[PDB]
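For reference, the structure discussed in these notes is given below.
By convention in this document, chain letters (A, B, ...) are assigned in the order of the sequence lines, proteins followed by strands, and residues within each chain are numbered from 1.
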Amino acid sequence: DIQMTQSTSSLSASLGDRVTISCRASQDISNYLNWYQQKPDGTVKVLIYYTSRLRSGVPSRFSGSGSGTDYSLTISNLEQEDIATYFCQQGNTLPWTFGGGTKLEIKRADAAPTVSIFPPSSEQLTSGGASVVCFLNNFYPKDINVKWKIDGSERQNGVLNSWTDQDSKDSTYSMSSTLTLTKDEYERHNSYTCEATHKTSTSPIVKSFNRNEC
Amino acid sequence: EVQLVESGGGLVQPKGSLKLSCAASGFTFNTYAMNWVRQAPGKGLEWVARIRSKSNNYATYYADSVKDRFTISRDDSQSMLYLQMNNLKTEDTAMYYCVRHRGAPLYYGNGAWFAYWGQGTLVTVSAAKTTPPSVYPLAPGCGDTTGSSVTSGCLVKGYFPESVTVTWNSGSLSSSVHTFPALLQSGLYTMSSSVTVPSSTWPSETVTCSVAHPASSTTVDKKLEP
Ligand SMILES: N[C@H]1[C@@H](OP(=O)(O)O)O[C@H](CO[C@@H]2O[C@H](CO)[C@@H](OP(=O)(O)O)[C@H](O)[C@H]2N)[C@@H](O)[C@@H]1O
């Protein structure tokens with residue numbers, strides 16, 4: 001089969017930048033090379049076909065070039081709505097094969113997270129379990145550290161963190177941290193806090209509650 | 001205009017079977033070739049199968065990985081595409097997309113490409129059983145309050161397979177919401193969702209999350225209370 005290679009799996013660029021995404025086929029594909037955009041929600045559309053032909057309705061800032069085994073998608077004057085994963089595909093010979101994809105993050109100005117904290121629910125407690133949850137919302141860049149402090153001591157066991165995809169309208173990220181304990185464990189401590197450390201601040205952003213006041 | 005609505009996706013055990021469907025509309029179905037394309041989670045796209053039009057005697061073609069296990073078919077009278085999947089394997093786990101082939105090659109070139117794509121139907125091939133989620137609300141405690149806004153949430157815990165959908169106020173309050181991708185913890189998934197609203201409009205005024213998990217026919221609503 002024909003192997004398609006996109007050697008850059010991810011990149012980051014600012015609004016207005018030129019973005020070049022490369023694709024290499026394992027054999028000549030006679031210019032039958034097509035590009036697709038997959039939005040973060042999973043919606044797929046074709047951009048370019050037959051190397052350089054622009055699909056009706058796709059903005060002109062998308063263009064393609066190449067021949068033989070080597071091809072490129074260019075996004076000129078990058079726009080906010082271009083956050084997506086980009087895939088190449090050869091249509092020369094069966095099986096029709098795709099590249100592995102190139103994920104495009106768009107930069108924005110650094111932004112501090114908005115932190116919210118939530119105690120476990122009555123319903124969960126009756127089940128004999130206890131999940132404490134922290135949301136860090138609308139921050140940039142993506143890297144961020146969350147620490148849980150129980151009565152002042154760091155707790156790492158039982159912590160699970162999930163980042164959102166980049167927000168399509170404002171390019172920020174969000175993440176949830178979930179600390180799940182047995183109800184027994186929960187009950188034997190009072191102070192619960194999550195601390196967010198991010199490059200936008202020299203000191204952590206903190207939210208806390210006390211079990212006996214909740 | 002062009003709509004391709006996939007259905008039939010679900011959990012199935014290894015060596016099991018499942019039939020997917022795709023309801024097409026907004027174009028002349030019977031003059032186009034159709035495809036299925038799939039995407040294993042976190043991976044690239046893989047072409048699965050092609051069925052040509054009646055004018056080409058409905059010739060079918062398959063990727064070698066699915067050849068002899070999968071059968072692509074169509075019902076032109078109902079504008080439906082089907083994928084019958086037999087002897088399923090773990091690595092068939094994927095989102096499955098119904099796809100309309102490019103049209104006239106004299107205009108669009110001989111090379112194959114895929115002009116319109118459905119939103120997908122998720123197929124999970126696993127030995128693990130269906131498990132409905134436990135849904136729990138997330139409201140602020142008594143201690144402290146910001147004047148401008150408040151953030152509420154729903155925690156969706158210990159389900160299988162993917163996925164679930166969370167909506168707030170029957171869809172009304174939207175994109176003030178964040179959906180946190182599900183994580184697999186010890187054979188079971190957990191995700192959460194948040195909404196942010198003006199602080200005056202809550203709690204005076206109701207806020208509710210509806211959690212659907214089609215795979216276990218469950219739907220749970222939580223009205224959020226102080
Ligand atoms: N104007 C023709 C064009 O319409 P458009 O899609 O631009 O609106 O294409 C129509 C479809 O053409 C047929 O496409 C088939 C593939 O999907 C192709 O079969 P194969 O590729 O399997 O050989 C067939 O030859 C094409 N005629 C066309 O009906 C419109 O007239």
Side-chain angles (χ1 to χ4, degrees), chain A residues 1 4 6 29-34 36 38 41-46 49-50 53 55 85 87 89-92 94-101 114 116-121 123-124 127 129 131 133 135 137-138 160-165 167 169 174-176 178 180 207-210 213-214, chain B residues 35 37 39 43-50 61-65 67 95 97 99 102 108-120 134-144 146 149-153 155 157-158 175 178-185 190-194 196 222:
Chain A
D1 304 347
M4 303 306 297
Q6 296 173 244
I29 53 174
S30 302
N31 280 272
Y32 296 128
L33 195 275
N34 321 284
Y36 302 87
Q38 182 174 44
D41 73 2
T43 308
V44 179
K45 76 183 193 189
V46 68
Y49 62 95
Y50 205 166
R53 301 192 185 178
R55 176 64 172 148
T85 296
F87 293 95
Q89 175 252 320
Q90 68 83 15
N92 191 43
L94 291 163
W96 298 312
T97 44
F98 290 85
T114 304
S116 293
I117 191 173
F118 299 89
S121 72
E123 296 98 286
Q124 183 176 197
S127 189
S131 292
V133 176
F135 293 146
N137 286 341
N138 301 316
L160 262 16
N161 307 308
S162 190
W163 279 255
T164 61
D165 296 313
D167 187 43
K169 53 180 183 198
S174 290
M175 89 100 78
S176 73
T178 297
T180 57
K207 274 280 159 63
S208 189
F209 70 87
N210 293 321
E213 294 140 46
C214 262
Chain B
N35 302 262
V37 171
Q39 188 177 28
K43 279 90 166 59
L45 300 160
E46 183 184 24
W47 170 82
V48 178
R50 182 184 45 162
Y61 312 78
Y62 298 94
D64 275 320
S65 64
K67 204 176 173 198
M95 191 69 67
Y97 300 98
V99 166
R102 60 106 185 91
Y108 295 111
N110 284 318
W113 51 277
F114 308 122
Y116 292 98
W117 296 64
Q119 228 49 233
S134 301
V135 185
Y136 308 118
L138 297 168
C142 333
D144 195 292
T146 288
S149 256
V150 305
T151 288
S152 310
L155 174 61
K157 191 165 193 285
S175 278
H178 296 113
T179 309
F180 301 90
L183 287 156
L184 226 215
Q185 226 307 323
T190 298
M191 62 85 73
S192 48
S193 175
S194 79
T196 298
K222 299 289 182 175

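There is no contact between A:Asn210 and chain B, counting heavy-atom distances below 4.5 Å. In this structure, chain A has no heavy atom under 4.5 Å from any part of B:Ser134. Neither the backbone nor the side chain of A:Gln6 comes within contact range of chain B; no heavy atom of the residue lies under 4.5 Å from a heavy atom of that chain. Only the side chain of A:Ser116 comes within less than 4.5 Å of a heavy atom in chain B; its backbone stays farther off. The contact between A:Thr180 and chain B is made entirely by side chain atoms (from C-beta outward), counting heavy-atom distances below 4.5 Å. For A:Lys169, the part lying near chain B is the side chain, with the backbone staying farther off; criterion is any non-hydrogen pair under 4.5 Å. Looking at B:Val99, neither its backbone nor its side chain comes within 4.5 Å of chain A, counting heavy atoms on both sides. For chain A, no part of B:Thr190 is nearby; none of its heavy atoms comes within less than 4.5 Å. For B:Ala139, the part lying near chain A is the backbone, with the side chain staying farther off; criterion is any non-hydrogen pair under 4.5 Å. If you measure heavy-atom distances from B:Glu46 to chain A, the contacts under 4.5 Å come from the backbone alone.
Residues B:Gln39 and A:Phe87 have side chains in contact (heavy-atom distance under 4.5 Å, counting atoms from C-beta outward). Looking at heavy atoms from C-beta onward, B:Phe114 lies out of side-chain contact with A:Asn34 at the 4.5 angstrom threshold. By the 4.5 Å heavy-atom criterion applied to side chains, B:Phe180 and A:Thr178 are not counted as neighbours. With contacts defined as side-chain heavy-atom distances shorter than 4.5 Å, the pair A:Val133/B:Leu155 qualifies. Contact annotation: the side chain of B:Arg50 approaches that of A:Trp96 to within less than 4.5 Å [non-hydrogen atoms, C-beta and beyond]. Side-chain atoms of B:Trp113 and A:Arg53, non-hydrogen and from C-beta on, never get closer than 4.5 Å to each other.
Chain B forms the most heavy-atom pairs under 4.5 Å with one residue out of A:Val44, A:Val46, A:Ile29, and that residue is A:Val44. Interface summary for chain B: among A:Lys207, A:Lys45, A:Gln89, A:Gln90, the most heavy-atom pairs under 4.5 angstrom belong to A:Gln89. Of the residues considered (B:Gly109, B:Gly111, B:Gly143, B:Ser175), B:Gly111 shows the highest number of contacts with chain A, using heavy-atom pairs under 4.5 Å. In terms of heavy-atom pairs under 4.5 Å with chain B, the best-connected choice from A:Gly91, A:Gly99, A:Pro95, A:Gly100 is A:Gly91. For the options A:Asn138, A:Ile117, A:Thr97, heavy-atom pairs under 4.5 Å to chain B are most numerous at A:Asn138. Between chain A and the options B:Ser192, B:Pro181, B:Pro140, the largest number of non-hydrogen pairs under 4.5 Å is found for B:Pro181. Taking B:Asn35, B:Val150, B:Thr151 one by one and counting their heavy-atom pairs under 4.5 Å with chain A, the maximum is reached by B:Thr151.
With rounding to the nearest 0.5 angstrom, the CG atom of B:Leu183 is 7.5 Å from the OG atom of A:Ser176. For the atom pair A:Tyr50 OH and B:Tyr108 OH, the distance stands at 15.0 Å (nearest 0.5 Å). Here the OH atom belonging to B:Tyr62 is positioned 13.0 Å from the CG atom belonging to A:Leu94, to the nearest 0.5 angstrom. Rounding to the nearest 0.5 angstrom, the gap separating the CG atom in A:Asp1 from the OG atom in B:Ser65 is 9.5 Å.
Between the side chain of A:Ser121 and the backbone N or O of B:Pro137 there is no donor-acceptor pair closer than 3.5 Å.
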> Given the rule in the side chain to side chain contact (heavy atoms under 4.5 Å, CB included) test, do A:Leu160 and B:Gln185 qualify, once you have shown the distances and angles that lead to the verdict?
Replying inline: CA-CA 8 Å; A:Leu160 262 16; B:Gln185 226 307 323; 3.1 Å; yes

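Side-chain atoms of A:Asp167 and B:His178 include no donor-acceptor pair closer than 3.5 Å.
Listed by chain and residue number, A:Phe135 satisfy the ring pair (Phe, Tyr, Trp, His ring centres under 6.0 Å) test with A:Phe118 (two or more places apart in sequence, or in another chain). In this structure, the salt bridge (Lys or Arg N to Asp or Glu O under 4.0 Å) partners of B:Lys222, at least two apart in sequence or on a different chain, are A:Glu123.
Smallest separation of non-hydrogen atoms from B:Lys157 and A:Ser131: CE-OG, 3.6 Å.
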